[PDB]
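Taking the form deposited in one PDB entry, here's one chain by itself in structure tokens.
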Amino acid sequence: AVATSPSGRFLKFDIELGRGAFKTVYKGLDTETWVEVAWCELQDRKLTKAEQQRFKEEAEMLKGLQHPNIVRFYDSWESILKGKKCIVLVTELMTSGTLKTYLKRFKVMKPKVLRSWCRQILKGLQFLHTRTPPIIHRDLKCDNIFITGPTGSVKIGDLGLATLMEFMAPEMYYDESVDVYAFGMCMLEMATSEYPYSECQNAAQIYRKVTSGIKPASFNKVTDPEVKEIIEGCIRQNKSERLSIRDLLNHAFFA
């Protein structure tokens, strides 16, 4: 081990597992439960500013979260790794990758898989929203939903990342329904096996359509109507008109 949590509860090894542009993920270890864990270091190039406090309280609440469909959050602190002031988070290690990576590999999701996994995402979001205070992901997307295994379940990740900062809900040019729009677009990717708004060339062409509430071409490729019906009720332009997660979970398709 070349580094440790202030708590002494966690150990960093010198073995990189991923390299986002803004972060790095090492393999690490919970001395307490002897389970292998993820040691995420993200440059504070964000200059979080005295909003550091906001994260502290966010991060503290995130430790309080435990649910089958939320990747667990263990710890965070501020260190100076490299020359750069940065932030280290410690979170449950997910080995079997993302929904994004899964789609490519299999290149088509079986409608039975999609139901079970999407339901699970709803269940996760439901947990987050029913917290006090409510937690909004603000950033739900396919590469930060993680699977247990190819035959397994999903867990929403990149929870903390959400604070320190592309298709996002139209109104947003936060609140519970921003995540409903996200989920909708996720389920469309999961249904059409391809990325929403692929047709567009530049970001602005996407922003154009989103603003003027034009749906992605993907939308039409949706085979099953009952799914399409749902995705529809999700990516509705007016905040007010979109379904809630309750509405989606109480849906016939789901439970």
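The first residue of the sequence shown is number 1, and the count goes up from there. Take the two forms, superpose them, and find the largest set of C-alpha atoms that agree within 1.5 Å; that set is the rigid core.
Among other compared entries that model residues flanking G97, every one gives it coordinates, keeping it clear of the one-third cutoff. For the cut-off of one third of the other compared entries, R72 stays well clear, since all of them model it along with its flanks.
Unmodelled residues of the deposited sequence between neighbouring positions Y173 and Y174 number 1 to 3. In the deposited entry, the stretch joining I80 to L81 is continuous, with no residue of the deposited sequence left without coordinates.
The deposited model assigns a higher average Cα B-factor to 205 to 213 than to the other stretch when 190 to 198 and 205 to 213 are compared.
For the pair 121 to 129 and 105 to 113, the mean B factor over Cα atoms is greater in 105 to 113. Per the PDB record, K46 has a higher Cα B-factor than any other of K221, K228, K46, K63.
Ranking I145, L164, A182, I135 by Cα temperature factor from the entry places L164 first. Among all modelled residues in this chain, the alpha-carbon of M168 has a temperature factor (C-alpha) in the highest third. When all modelled residues of the chain are sorted by CA temperature factor, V2 is found within the middle third.
Among all modelled residues in its chain, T33 ranks in the highest third by Cα B-factor.
When the modelled residues of the chain are ordered by their C-alpha B factor, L42 lands in the highest third. In the PDB entry, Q237 places in the lowest third of its chain by CA B-factor.
Another form exists, deposited in another entry; not displayed. Remarks below refer to it.
No residue of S79, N144, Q126, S96 other than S79 has its CA displaced by 2 Å or more between the shown form and the other one when the core is superposed. When two forms of a protein are overlaid on their rigid core, residues whose CA moves 2 Å or more are considered shifted, and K221 is not one of them between the shown form and the other one. In the core-superposed comparison between the shown form and the other one, the C-alpha atom of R246 has shifted by less than 2 angstroms. For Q237, the Cα coordinates differ by under 2 angstroms between the shown form and the other one after the core has been superposed. With a change of no less than 3 Å, the CA-CA distance between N238 and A203 is smaller in the other form than in the form shown.
Shown here is a form in which the CA atoms of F146 and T48 lie at least 3 Å closer together than they do in the other form.
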